[PDB]
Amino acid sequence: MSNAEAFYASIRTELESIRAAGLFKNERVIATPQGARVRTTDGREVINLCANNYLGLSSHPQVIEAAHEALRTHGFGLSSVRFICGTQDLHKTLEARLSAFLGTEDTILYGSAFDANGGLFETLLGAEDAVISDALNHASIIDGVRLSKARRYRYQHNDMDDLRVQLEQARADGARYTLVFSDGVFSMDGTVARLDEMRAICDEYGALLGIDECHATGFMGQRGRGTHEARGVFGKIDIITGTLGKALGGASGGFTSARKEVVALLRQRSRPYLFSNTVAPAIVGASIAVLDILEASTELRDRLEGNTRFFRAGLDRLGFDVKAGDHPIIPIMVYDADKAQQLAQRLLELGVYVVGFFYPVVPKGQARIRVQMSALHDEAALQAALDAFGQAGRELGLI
(Lines of atoms letter the chains of each structure in order from A and count residues from 1; the text may use other names and numbers.)
(Lines give C-alpha, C1' and ligand atoms only; values in the text may rest on other atoms or scores of the structure.)
Protein backbone atom coordinates (compact mmCIF):
# COMPACT_ATOMS: atom_id res chain seq x y z
CA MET A 1 0.00 0.00 0.00
CA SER A 2 1.48 3.33 -0.99
CA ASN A 3 1.41 6.12 1.58
CA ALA A 4 -0.65 8.22 -0.83
CA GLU A 5 -3.38 5.61 -1.15
CA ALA A 6 -3.37 5.00 2.61
CA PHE A 7 -3.99 8.74 2.95
CA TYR A 8 -7.08 8.42 0.75
CA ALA A 9 -8.26 5.43 2.79
CA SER A 10 -7.99 7.49 5.98
CA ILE A 11 -10.04 10.25 4.33
CA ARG A 12 -12.71 7.73 3.24
CA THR A 13 -12.70 6.20 6.74
CA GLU A 14 -13.28 9.64 8.28
CA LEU A 15 -16.15 10.36 5.89
CA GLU A 16 -17.83 7.07 6.81
CA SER A 17 -17.48 7.85 10.53
CA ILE A 18 -19.14 11.24 9.96
CA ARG A 19 -22.00 9.48 8.16
CA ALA A 20 -22.33 6.83 10.87
CA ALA A 21 -22.46 9.46 13.64
CA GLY A 22 -25.29 11.27 11.84
CA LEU A 23 -23.14 14.36 11.19
CA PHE A 24 -23.01 14.30 7.38
CA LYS A 25 -24.08 17.60 5.81
CA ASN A 26 -26.32 17.29 2.74
CA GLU A 27 -26.43 20.07 0.12
CA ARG A 28 -29.92 20.68 -1.24
CA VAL A 29 -29.63 21.99 -4.79
CA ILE A 30 -31.80 25.08 -5.31
CA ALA A 31 -33.05 25.87 -8.82
CA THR A 32 -34.38 29.41 -8.21
CA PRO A 33 -33.08 32.77 -7.03
CA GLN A 34 -32.88 33.16 -3.29
CA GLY A 35 -36.15 34.33 -1.80
CA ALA A 36 -38.91 33.92 0.73
CA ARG A 37 -39.68 30.66 -1.07
CA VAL A 38 -37.28 28.54 -3.11
CA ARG A 39 -37.58 25.33 -5.12
CA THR A 40 -34.99 22.58 -5.31
CA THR A 41 -34.01 20.71 -8.47
CA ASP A 42 -36.52 17.95 -7.62
CA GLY A 43 -39.39 20.45 -7.69
CA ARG A 44 -39.95 20.70 -3.93
CA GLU A 45 -41.11 24.24 -3.08
CA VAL A 46 -40.35 25.40 0.47
CA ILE A 47 -40.67 28.47 2.64
CA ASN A 48 -37.05 29.42 3.29
CA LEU A 49 -36.41 30.09 6.99
CA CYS A 50 -32.65 29.61 7.09
CA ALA A 51 -31.10 32.29 4.85
CA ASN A 52 -29.10 35.35 5.86
CA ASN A 53 -31.33 37.37 3.48
CA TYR A 54 -32.56 39.54 6.34
CA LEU A 55 -33.86 42.48 4.27
CA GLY A 56 -34.75 40.67 1.05
CA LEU A 57 -32.05 42.45 -0.90
CA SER A 58 -30.60 39.17 -2.29
CA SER A 59 -33.17 39.41 -5.12
CA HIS A 60 -34.46 42.97 -4.67
CA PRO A 61 -35.20 44.51 -8.11
CA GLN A 62 -33.25 47.76 -7.63
CA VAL A 63 -30.25 45.80 -6.37
CA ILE A 64 -30.31 43.47 -9.38
CA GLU A 65 -30.64 46.54 -11.62
CA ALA A 66 -27.66 48.24 -9.97
CA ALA A 67 -25.71 45.04 -10.60
CA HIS A 68 -26.67 45.00 -14.30
CA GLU A 69 -25.75 48.68 -14.52
CA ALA A 70 -22.32 48.19 -12.95
CA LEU A 71 -21.61 45.32 -15.34
CA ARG A 72 -22.27 47.76 -18.19
CA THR A 73 -20.24 50.67 -16.78
CA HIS A 74 -17.44 48.85 -14.93
CA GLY A 75 -17.25 45.31 -16.33
CA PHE A 76 -17.37 41.81 -14.93
CA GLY A 77 -13.95 41.24 -13.36
CA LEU A 78 -11.00 43.38 -12.42
CA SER A 79 -8.53 40.47 -12.18
CA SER A 80 -6.22 42.39 -9.90
CA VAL A 81 -5.52 43.06 -6.25
CA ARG A 82 -6.30 46.58 -5.06
CA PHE A 83 -2.78 48.06 -5.13
CA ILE A 84 -2.10 47.16 -8.78
CA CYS A 85 -5.14 47.76 -11.03
CA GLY A 86 -8.07 46.56 -8.95
CA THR A 87 -9.27 49.87 -7.45
CA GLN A 88 -12.15 51.52 -9.28
CA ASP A 89 -13.93 54.70 -8.28
CA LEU A 90 -16.74 52.35 -7.25
CA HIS A 91 -14.54 50.85 -4.52
CA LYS A 92 -13.58 54.23 -3.06
CA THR A 93 -17.21 55.35 -3.08
CA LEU A 94 -18.36 52.22 -1.28
CA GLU A 95 -15.61 52.54 1.34
CA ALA A 96 -16.65 56.14 2.03
CA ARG A 97 -20.34 55.22 2.12
CA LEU A 98 -19.72 52.34 4.54
CA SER A 99 -17.60 54.59 6.78
CA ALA A 100 -20.42 57.12 7.06
CA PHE A 101 -23.03 54.40 7.55
CA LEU A 102 -21.04 52.76 10.37
CA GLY A 103 -19.68 55.92 12.04
CA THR A 104 -15.98 55.34 11.36
CA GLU A 105 -13.25 57.29 9.62
CA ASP A 106 -12.42 54.85 6.82
CA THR A 107 -13.13 51.38 5.48
CA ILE A 108 -11.07 48.75 3.63
CA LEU A 109 -12.93 46.27 1.42
CA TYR A 110 -12.18 42.54 1.44
CA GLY A 111 -13.53 39.61 -0.56
CA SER A 112 -15.41 38.42 2.53
CA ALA A 113 -15.77 39.03 6.25
CA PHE A 114 -13.96 35.71 6.72
CA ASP A 115 -10.89 37.28 5.11
CA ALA A 116 -11.40 40.64 6.80
CA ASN A 117 -11.03 38.83 10.13
CA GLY A 118 -8.22 36.65 8.80
CA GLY A 119 -6.29 39.75 7.68
CA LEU A 120 -7.05 41.87 10.77
CA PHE A 121 -5.17 40.72 13.84
CA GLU A 122 -1.76 39.83 12.38
CA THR A 123 -1.31 43.33 10.95
CA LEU A 124 -2.46 45.24 14.04
CA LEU A 125 -1.20 43.17 16.98
CA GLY A 126 2.06 41.49 17.89
CA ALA A 127 3.48 39.18 20.55
CA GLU A 128 3.39 41.85 23.25
CA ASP A 129 -0.32 42.52 22.65
CA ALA A 130 -3.45 40.71 23.79
CA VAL A 131 -6.73 39.78 22.15
CA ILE A 132 -9.61 39.00 24.52
CA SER A 133 -12.39 37.08 22.75
CA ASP A 134 -15.89 36.09 23.71
CA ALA A 135 -15.80 32.30 24.05
CA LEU A 136 -18.40 31.88 21.27
CA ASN A 137 -16.68 34.16 18.73
CA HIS A 138 -17.06 33.22 15.07
CA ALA A 139 -14.61 30.77 13.52
CA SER A 140 -13.15 33.42 11.22
CA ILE A 141 -12.23 35.52 14.24
CA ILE A 142 -10.40 32.62 15.89
CA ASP A 143 -8.43 31.89 12.73
CA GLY A 144 -7.43 35.53 12.27
CA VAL A 145 -6.34 35.54 15.91
CA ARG A 146 -4.38 32.29 15.47
CA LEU A 147 -2.49 33.79 12.50
CA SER A 148 -1.41 36.70 14.68
CA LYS A 149 1.30 36.53 17.32
CA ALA A 150 -1.06 38.10 19.87
CA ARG A 151 -1.60 36.66 23.33
CA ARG A 152 -4.94 34.87 23.55
CA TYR A 153 -7.57 35.22 26.25
CA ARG A 154 -11.21 34.14 26.30
CA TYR A 155 -14.05 35.28 28.52
CA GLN A 156 -17.17 33.26 29.20
CA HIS A 157 -19.96 33.98 26.71
CA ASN A 158 -21.56 37.43 27.27
CA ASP A 159 -20.04 37.41 30.81
CA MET A 160 -18.92 40.92 31.78
CA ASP A 161 -17.50 39.73 35.10
CA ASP A 162 -15.23 37.25 33.33
CA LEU A 163 -14.30 39.90 30.75
CA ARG A 164 -12.98 41.98 33.66
CA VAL A 165 -11.08 38.95 34.94
CA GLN A 166 -9.42 38.45 31.54
CA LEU A 167 -8.57 42.16 31.20
CA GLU A 168 -7.04 42.01 34.69
CA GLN A 169 -5.02 38.93 33.72
CA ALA A 170 -3.84 40.41 30.41
CA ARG A 171 -2.71 43.51 32.33
CA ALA A 172 -0.95 41.38 34.96
CA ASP A 173 0.74 39.45 32.13
CA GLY A 174 2.15 42.73 30.81
CA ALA A 175 0.09 43.31 27.66
CA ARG A 176 1.14 46.33 25.62
CA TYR A 177 -2.09 46.92 23.68
CA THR A 178 -5.28 44.97 24.36
CA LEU A 179 -8.17 44.38 21.93
CA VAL A 180 -11.47 43.07 23.27
CA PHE A 181 -13.23 41.46 20.30
CA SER A 182 -16.70 39.92 19.97
CA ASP A 183 -19.39 39.03 17.47
CA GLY A 184 -21.90 41.85 17.60
CA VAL A 185 -24.68 39.28 17.27
CA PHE A 186 -23.89 35.60 17.83
CA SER A 187 -25.39 33.37 15.15
CA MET A 188 -25.82 30.23 17.25
CA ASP A 189 -28.00 31.79 19.96
CA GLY A 190 -29.01 35.16 18.50
CA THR A 191 -27.67 36.99 21.56
CA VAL A 192 -26.62 40.63 21.28
CA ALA A 193 -23.21 41.49 22.69
CA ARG A 194 -23.30 43.84 25.68
CA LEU A 195 -21.37 46.51 23.79
CA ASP A 196 -22.34 49.38 26.09
CA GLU A 197 -20.97 47.54 29.13
CA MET A 198 -17.95 46.36 27.13
CA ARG A 199 -17.10 49.91 26.04
CA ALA A 200 -17.22 51.11 29.64
CA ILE A 201 -15.13 48.16 30.84
CA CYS A 202 -12.68 48.65 27.98
CA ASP A 203 -12.29 52.33 28.90
CA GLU A 204 -11.42 51.34 32.49
CA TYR A 205 -8.45 49.30 31.22
CA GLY A 206 -7.51 51.47 28.24
CA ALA A 207 -8.49 48.60 25.95
CA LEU A 208 -9.64 48.69 22.32
CA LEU A 209 -13.07 47.35 21.36
CA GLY A 210 -13.75 45.52 18.11
CA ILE A 211 -16.87 43.80 16.81
CA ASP A 212 -17.87 41.50 13.96
CA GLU A 213 -21.18 42.83 12.66
CA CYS A 214 -22.13 40.19 10.06
CA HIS A 215 -25.47 39.39 11.68
CA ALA A 216 -26.20 43.05 12.50
CA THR A 217 -25.30 45.53 9.77
CA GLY A 218 -28.41 46.79 7.99
CA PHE A 219 -31.06 46.13 10.63
CA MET A 220 -29.71 46.32 14.20
CA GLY A 221 -30.35 49.71 15.77
CA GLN A 222 -33.09 52.19 14.92
CA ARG A 223 -31.49 53.18 11.60
CA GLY A 224 -30.05 49.70 11.03
CA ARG A 225 -26.44 50.76 11.43
CA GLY A 226 -25.53 47.87 13.74
CA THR A 227 -25.28 46.47 17.26
CA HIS A 228 -23.25 49.51 18.30
CA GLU A 229 -26.16 51.79 17.37
CA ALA A 230 -28.56 49.50 19.25
CA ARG A 231 -26.32 49.58 22.32
CA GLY A 232 -25.79 53.35 22.23
CA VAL A 233 -22.10 53.31 21.36
CA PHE A 234 -22.29 54.39 17.72
CA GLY A 235 -19.02 56.13 16.91
CA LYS A 236 -17.32 54.57 19.96
CA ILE A 237 -16.07 51.33 18.36
CA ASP A 238 -12.41 50.89 17.48
CA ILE A 239 -12.82 48.17 14.84
CA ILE A 240 -15.82 46.83 12.93
CA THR A 241 -15.49 43.85 10.64
CA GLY A 242 -18.44 42.80 8.57
CA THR A 243 -19.91 41.29 5.46
CA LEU A 244 -21.81 42.38 2.37
CA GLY A 245 -23.02 38.78 2.03
CA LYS A 246 -25.85 38.77 4.61
CA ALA A 247 -28.32 41.66 5.11
CA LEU A 248 -26.50 44.01 2.69
CA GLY A 249 -27.15 42.10 -0.54
CA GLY A 250 -25.99 38.53 -0.13
CA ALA A 251 -23.56 38.23 -3.04
CA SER A 252 -20.02 38.60 -1.69
CA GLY A 253 -17.61 41.05 -0.08
CA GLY A 254 -16.65 42.18 3.40
CA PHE A 255 -14.88 45.01 5.13
CA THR A 256 -12.98 46.38 8.08
CA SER A 257 -13.95 49.84 9.33
CA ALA A 258 -11.82 51.78 11.81
CA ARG A 259 -9.75 54.94 12.31
CA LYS A 260 -7.97 56.08 9.19
CA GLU A 261 -4.51 55.00 10.37
CA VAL A 262 -5.68 51.44 11.07
CA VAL A 263 -7.28 51.17 7.63
CA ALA A 264 -4.14 52.63 6.06
CA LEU A 265 -1.86 50.08 7.72
CA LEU A 266 -4.24 47.29 6.70
CA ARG A 267 -3.99 48.36 3.06
CA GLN A 268 -0.20 48.24 3.27
CA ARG A 269 0.17 44.93 5.12
CA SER A 270 -3.00 42.83 5.40
CA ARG A 271 -2.32 39.64 3.53
CA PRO A 272 -5.77 38.98 2.00
CA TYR A 273 -5.78 42.58 0.75
CA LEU A 274 -2.31 42.32 -0.82
CA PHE A 275 -2.71 38.81 -2.19
CA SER A 276 -6.40 38.27 -2.98
CA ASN A 277 -8.58 39.67 -5.76
CA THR A 278 -10.44 42.97 -5.41
CA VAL A 279 -14.21 42.97 -4.98
CA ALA A 280 -16.05 42.52 -8.30
CA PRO A 281 -17.46 45.76 -9.81
CA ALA A 282 -21.09 44.58 -9.92
CA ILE A 283 -21.02 43.68 -6.23
CA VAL A 284 -19.50 47.06 -5.35
CA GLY A 285 -22.09 48.92 -7.40
CA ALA A 286 -25.02 46.94 -6.04
CA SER A 287 -23.72 47.54 -2.50
CA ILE A 288 -23.79 51.32 -3.05
CA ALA A 289 -27.41 50.93 -4.16
CA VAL A 290 -28.12 48.88 -1.02
CA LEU A 291 -26.85 51.74 1.13
CA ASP A 292 -28.96 54.18 -0.89
CA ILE A 293 -32.03 52.03 -0.12
CA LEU A 294 -31.27 51.66 3.58
CA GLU A 295 -30.42 55.32 4.14
CA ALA A 296 -33.62 56.41 2.39
CA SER A 297 -36.08 54.39 4.50
CA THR A 298 -36.11 52.04 7.49
CA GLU A 299 -39.17 50.20 6.15
CA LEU A 300 -37.39 46.93 5.36
CA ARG A 301 -35.75 46.60 8.78
CA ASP A 302 -39.03 47.66 10.40
CA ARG A 303 -40.77 44.85 8.50
CA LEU A 304 -38.08 42.38 9.57
CA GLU A 305 -38.68 43.47 13.17
CA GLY A 306 -42.42 42.87 12.92
CA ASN A 307 -41.91 39.49 11.27
CA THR A 308 -39.50 38.52 14.06
CA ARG A 309 -41.95 39.49 16.81
CA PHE A 310 -44.77 37.58 15.11
CA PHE A 311 -42.76 34.38 14.70
CA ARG A 312 -41.19 34.52 18.16
CA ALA A 313 -44.65 35.03 19.67
CA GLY A 314 -46.11 32.14 17.69
CA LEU A 315 -43.41 29.67 18.67
CA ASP A 316 -43.79 30.79 22.28
CA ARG A 317 -47.56 30.30 22.01
CA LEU A 318 -47.10 26.80 20.57
CA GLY A 319 -44.94 25.86 23.57
CA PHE A 320 -41.46 25.72 22.05
CA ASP A 321 -38.31 26.39 24.09
CA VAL A 322 -37.00 29.52 22.35
CA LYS A 323 -33.79 31.28 23.39
CA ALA A 324 -34.74 34.68 24.80
CA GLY A 325 -34.23 37.77 22.68
CA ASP A 326 -35.60 39.86 19.80
CA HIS A 327 -33.18 38.98 17.03
CA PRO A 328 -34.30 37.59 13.63
CA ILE A 329 -32.16 34.54 14.44
CA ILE A 330 -34.60 32.41 16.44
CA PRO A 331 -33.03 29.30 18.03
CA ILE A 332 -35.54 26.58 18.94
CA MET A 333 -34.03 24.25 21.55
CA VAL A 334 -34.72 20.54 21.04
CA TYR A 335 -31.84 19.15 23.16
CA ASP A 336 -31.06 15.92 21.25
CA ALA A 337 -29.21 15.67 17.95
CA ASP A 338 -31.74 13.05 16.83
CA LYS A 339 -34.70 15.26 17.75
CA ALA A 340 -33.15 18.14 15.77
CA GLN A 341 -32.49 15.98 12.72
CA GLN A 342 -36.04 14.62 12.90
CA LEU A 343 -37.63 18.05 13.26
CA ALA A 344 -35.66 19.59 10.39
CA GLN A 345 -36.51 16.66 8.09
CA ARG A 346 -40.20 16.65 9.03
CA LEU A 347 -40.45 20.42 8.49
CA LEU A 348 -38.92 19.96 5.04
CA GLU A 349 -41.60 17.40 4.22
CA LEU A 350 -44.15 19.98 5.39
CA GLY A 351 -42.74 22.66 3.06
CA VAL A 352 -40.48 24.55 5.50
CA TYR A 353 -36.70 24.71 5.13
CA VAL A 354 -34.67 25.09 8.34
CA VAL A 355 -31.23 24.02 9.56
CA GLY A 356 -30.36 22.07 12.70
CA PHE A 357 -27.25 22.32 14.89
CA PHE A 358 -26.21 19.62 17.33
CA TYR A 359 -23.23 17.99 19.00
CA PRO A 360 -20.33 18.50 18.52
CA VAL A 361 -21.04 21.91 17.00
CA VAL A 362 -23.07 22.73 20.13
CA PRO A 363 -22.80 20.90 23.47
CA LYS A 364 -24.71 17.74 24.30
CA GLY A 365 -28.25 18.65 25.24
CA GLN A 366 -28.03 21.97 23.40
CA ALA A 367 -29.36 20.87 19.99
CA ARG A 368 -31.51 23.42 18.21
CA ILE A 369 -33.28 24.42 15.02
CA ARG A 370 -32.10 27.82 13.78
CA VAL A 371 -34.80 29.85 12.06
CA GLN A 372 -34.00 33.20 10.41
CA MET A 373 -36.64 35.81 9.66
CA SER A 374 -36.61 37.99 6.55
CA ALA A 375 -38.39 41.18 5.57
CA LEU A 376 -39.49 39.13 2.52
CA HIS A 377 -42.00 36.89 4.27
CA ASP A 378 -45.58 37.97 4.72
CA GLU A 379 -47.44 37.10 7.88
CA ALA A 380 -49.77 34.70 6.08
CA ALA A 381 -46.81 32.63 4.89
CA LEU A 382 -45.26 32.82 8.36
CA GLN A 383 -48.49 31.52 9.86
CA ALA A 384 -48.40 28.61 7.41
CA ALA A 385 -44.86 27.94 8.65
CA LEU A 386 -45.98 28.10 12.28
CA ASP A 387 -48.68 25.54 11.46
CA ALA A 388 -45.95 23.24 10.13
CA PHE A 389 -43.97 23.75 13.36
CA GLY A 390 -47.12 22.98 15.34
CA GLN A 391 -47.77 19.77 13.41
CA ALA A 392 -44.20 18.42 13.49
CA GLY A 393 -43.71 19.52 17.09
CA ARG A 394 -46.79 17.64 18.24
CA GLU A 395 -45.80 14.59 16.19
CA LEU A 396 -42.32 14.48 17.75
CA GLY A 397 -43.54 15.13 21.30
CA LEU A 398 -41.90 18.54 21.57
CA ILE A 399 -45.21 20.36 22.22
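In this text, residue numbers run from 1 along the sequence as written.
Taking only CA atoms, the mean B-factor in the PDB entry is higher for 320-328 than for the other of 175-183 and 320-328. Comparing 276-284 with 303-311, the stretch with the higher mean C-alpha B-factor in the PDB entry is 303-311. In the deposited entry, the Cα temperature factor of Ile11 sits in the middle third of values across the chain's modelled residues. When all modelled residues of the chain are sorted by CA temperature factor, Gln268 is found within the lowest third. The deposited CA B-factor of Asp159 belongs to the highest third of values across its chain. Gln34: CA B factor in the middle third of modelled residues in this chain (values from the PDB entry). Annotation for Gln342: C-alpha temperature factor in the highest third relative to the rest of the modelled chain, per the entry.
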